[PDB]
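First the structure, in the form of structure tokens, and then the observations on it.
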Amino acid sequence: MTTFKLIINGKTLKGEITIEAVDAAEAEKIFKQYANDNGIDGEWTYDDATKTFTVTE
């Protein structure tokens, strides 16, 4: 069960949409694409302690 999350730290989007992926690396890609489709572009940080990223805008 590899469900990675993503906290959005910016005016665009705001939550932790959980998604499954081969590893956190792919999750960051799925998260880094899901953000563009909405307009989320800023910073990015992965949390290996909570399996959650952090996309700022």
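Values quoted throughout were computed directly from the atomic coordinates according to the rules given, and no laboratory measurement underlies them. Positions of Cβ are generated from backbone atoms using ideal geometry, with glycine treated the same way; all protein chains shown enter the neighbour counts.
For the stretch 38-54, taking the residues that are within 11 Å of the chain's Cα centre (by Cα) and of a type in the set (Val, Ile, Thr), the one that is nearest to residue 24 (Cα to Cα) is identified as 52. Annotation for the stretch 17-40: no member residue is touching a strand residue (DSSP E or B) at 6+ places or on another chain (Cβ under 9 Å), surrounded by 17 or more Cβ atoms within 10 Å (Cβ to Cβ), outside any helix (DSSP H, G or I) and not β-branched (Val, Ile, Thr). Among residues of the stretch 41-55 being in contact with an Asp or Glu (Cβ under 9 Å, 6 or more places away or on another chain) and surrounded by 14 or more Cβ atoms within 10 Å (Cβ to Cβ), the one that is nearest to residue 2 (Cα to Cα) is 52.
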